[PDB]
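Protein chains in written order, with the entry's author numbering: chain B, 1 to 433; chain A, 1 to 433.
Note that CB positions come from ideal geometry on N, CA and C, so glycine has one too.
Notes to accompany the following structure.
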Ligand SMILES: [Mn+2]
Ligand SMILES: [Mn+2]
């Protein structure tokens, strides 16, 4: 598993329970040095959160290689190491723990390097990070998941599958959503080694697969001298291939993204006979087909009414709706540096769907992608009004998943902290209701 | 293997030879989208290097999943994909290839997304990167290696062992140097699975292990009420444990870093009987012990003369010297933001050893760590005068390794491009001589 560049890691910042009592909190620290060293060279860590915690360097306890020690036990110990590949787990005693939210955590880590003269010793590392506590809030009635699209540029550059899965299980989320054409290696035929390893990681971290994203590329052969349009048989075979891979990996929903033929995102005309050809296969494998309702398409739209008309005409239980919460955005996404207003499309200011419009279509919504762009250190969302949205979902009777979809700036490791802030914000709102 | 955040990757930017003729150059591109797609959705890549290359979007060739195609073959193809985990290899036809150095490479990649309206299509990605060509210069008589210390904060956060080894083999380097207490997992007892995997990767990328860095922490039990000093038997067992692990992994040199007892970096007094106790084990395993000569210690020093006196007294062939080229630094390392002059030590301005002082000790130098901090796009080093240094090494008869040690700013992925610039600079100087 990979770590972050910040010494204080976001994953693992939790409260610690011993016998039903919260006895303190913990967090994980990356080794700042270029090597891992023996644990007796540790000279302590001082932990400070302003207003809540201020402990000295000898107060916290160290979990190194699966065993917890005090600092005096580390000084007399032998054989215990802080490896470079491992993050040290620092337990700070605080009866009752920390409250939910983002905390300004400041550490003062001391290490003894023997090759440095004694006057410049110990080596001191002072970092400050705004870290989000793993949510103590039990956000019933919703279930909580994370889409791997939230780590868009992070996956494959700073993150692999196990590091992403470890971060999802640390939030307390139980679902994981992938894009199948991005996160399944050797698509569409993963090896039997990978599929058995994929099922091992789901039982390790306690995650269940929920949604697999799919595409039906209608402009697959549009370019060239022999440029043509995708037919129904080539289009139905694309969706049927994705339903079999989602059944093979344990997923429950498939979201097909059909190509468009106009500026209003009107779907390609083959979609209604591609989907109806694959509804026999979906009912056999028990996977629900759910196309996405995302901005600039509001709920009161002709495209959305075509999805509801397809369910009543066919009478199927394996077609549903996926709701993207970017349609509820009321404040504009900020301007990228280098552009003036006018050349970006006008739906990036938010289309402002009133959240009471979910009452019309909630009996066909099977899955919700919690789309967001920016949450600051006060747990204030900058684009989505989460409190009237979650109030309308709760009163309409939604009890399914809310998968995080981070859409913000793809700064490296920024998406890890942002998804933590969203689960902390949503679970705190759902307890306030 | 992991990739970099930049679309243009530094690793793989080479010249391409077909039948002994350089027919063009290649480079690798990360997929900018959030998914991998079928290769017929590619609408071309336009490649421009100012003054040398300017080709259209349909001119380069694409190597996807182990097979090379033209753009017209991609448009009619079926089943070929650009996976998200793979970087596409772009062959640009240019008879004769590019010269050595850093090139301002500008691409204009076009991809067709079917879910986007036709007026905003194709999706265009324009990035510019200063990338270093893999060196065409054959820098004889030296051999070339990379130390994994060059990727100090990158290893474990953005990089693993195979990604680091793939980048070393792309330079044309043949040696790899590790720090054993940092890069061997479960130190000092790696699993038999890891050791067999470590030997598989060395034969895959054609690397031989050269140097393993070691520490003898004399302040291991200095803190606490029972604080004591490290004895000879505890110190000799530390060095003997590291010689056995370096013999197990195939390394030829061990560099022990002993702790100091004064401001002049005078070594701990146990060092001369720790080393002489381990010289029987070194001659049996055929590993050379080589302590490091690094700044602020010059070559004309009392510490260095003690190493030469130990070789003549014992008469051993398994003790040698390691030369760190930070002692030849003549221009100052720039000030970190936030400090004024005076609180940093005065050897960070460079101690300015004249490079003709290697003629005194070259018969005991077995290994050289090519230390550097900054090389810009004109292949100009900012701290080390590489041309008189390499001229003195060549005339003294050195024919061993020059392992890269990057010491600069630990910006993420910065160390990959910096080590490429150093091998390009050194091999070009060694051909100018
Ligand atoms: Mn979405
Ligand atoms: Mn060095």
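Proximal residues of chain A, C-beta to C-beta of residue i below 8 Å
i: residue 218(B); result: 114
Closest by C-alpha distance to residue i, when choosing among the options
i: residue 139(B); options: 410(B), 406(B) and 390(B); result: 390(B)
i: residue 295(B); options: 347(B), 252(B), 366(B) and 103(B); result: 347(B)
i: residue 403(A); options: 12(A), 209(A) and 67(A); result: 209(A)
i: residue 283(A); options: 269(A), 320(A), 223(A) and 136(A); result: 320(A)
i: residue 116(A); options: 268(B), 307(B), 166(B) and 426(B); result: 268(B)
i: residue 61(B); options: 2(B), 376(B) and 27(B); result: 27(B)
i: residue 188(A); options: 154(B), 38(B), 150(B) and 160(B); result: 38(B)
i: residue 356(B); options: 378(B), 327(B), 342(B) and 336(B); result: 327(B)
i: residue 238(B); options: 226(B), 271(B) and 261(B); result: 271(B)
i: residue 122(B); options: 108(B), 227(B) and 132(B); result: 108(B)
i: residue 428(B); options: 387(B), 161(B) and 311(B); result: 387(B)
i: residue 42(A); options: 227(A), 10(A), 67(A) and 73(A); result: 73(A)
i: residue 397(A); options: 413(A), 418(A), 423(A) and 363(A); result: 363(A)
i: residue 146(B); options: 207(B), 192(B), 136(B) and 110(B); result: 207(B)
i: residue 169(A); options: 234(A), 341(A) and 144(A); result: 144(A)
i: residue 204(B); options: 161(B), 215(B) and 232(B); result: 161(B)
i: residue 333(B); options: 343(B), 318(B), 349(B) and 71(B); result: 349(B)
Cβ shell of residue i (< 7 Å), same chain only, five flanking positions each side left out
i: residue 219(A); result: 259
i: residue 84(A); result: 31, 35 and 36
i: residue 420(A); result: 10, 132 and 171
i: residue 353(A); result: 298, 299, 327 and 328
i: residue 150(A); result: 404, 405, 406, 415 and 419
i: residue 100(B); result: 133, 135, 136, 137, 424 and 428
i: residue 159(B); result: 2 and 151
i: residue 307(B); result: 291 and 321
Below-8 Å beta-carbon distance, residue i vs any chain A residue
i: residue 222(B); result: yes
i: residue 371(B); result: no
Cβ neighbours of residue i in the same chain (closer than 8 Å, five flanking residues each side left out)
i: residue 212(A); result: 177, 178, 179, 180, 242, 245, 246, 249, 251, 253, 254 and 255
i: residue 392(A); result: 355, 356, 358 and 359
i: residue 400(A); result: 142, 143, 365, 366, 367 and 368
Chain-ordered neighbours of residue i on chain A, where CB pairs are closer than 9 Å
i: residue 129(B); result: Near residue 129(B) there are no residues of chain A at all, since even the closest Cβ is about 15 Å away, more than 9 Å.
Beta-carbon proximity list for residue i, same chain, < 6 Å, skipping 5 on both sides
i: residue 63(B); result: 89
i: residue 382(A); result: 374
i: residue 129(B); result: 6, 8 and 105
i: residue 102(B); result: 130, 132 and 377
i: residue 154(B); result: 415
i: residue 113(A); result: 123
Within chain B, partners of residue i - CB distance below 9 Å
i: residue 56(A); result: Correct list: empty, because the minimum Cβ distance to chain B is about 15 Å.
i: residue 262(A); result: 117 and 118
CB contact check: residue i to chain B, cutoff 8 Å
i: residue 177(A); result: no
i: residue 323(A); result: no
i: residue 5(A); result: yes
i: residue 408(A); result: no
i: residue 34(A); result: yes
Contacts of residue i in chain A (Cβ-Cβ under 7 Å)
i: residue 43(B); result: 223
i: residue 2(B); result: 156 and 157
Partners in chain B for residue i, counting only beta-carbon separations shorter than 8 Å
i: residue 40(A); result: 220, 221 and 223
Chain-ordered neighbours of residue i on chain B, where CB pairs are closer than 7 Å
i: residue 412(A); result: 5 and 412
i: residue 259(A); result: 114 and 115
Residues of the stretch 181-206 of chain B with a CB closer than 7 Å to any CB of chain A: list them in chain order, please.
181, 182, 185 and 187
Against chain B: residues of the stretch 61-90 of chain A by CB proximity under 8 Å
72, 75, 76, 81, 83, 84 and 85
Taking beta-carbon pairs under 7 Å, can you tell me which members of the stretch 130-157 of chain B lie near chain A?
149, 152, 153, 156 and 157
If contact means a Cβ-Cβ distance below 7 Å, which residues of the stretch 224-254 of chain A contact chain B?
224 and 226
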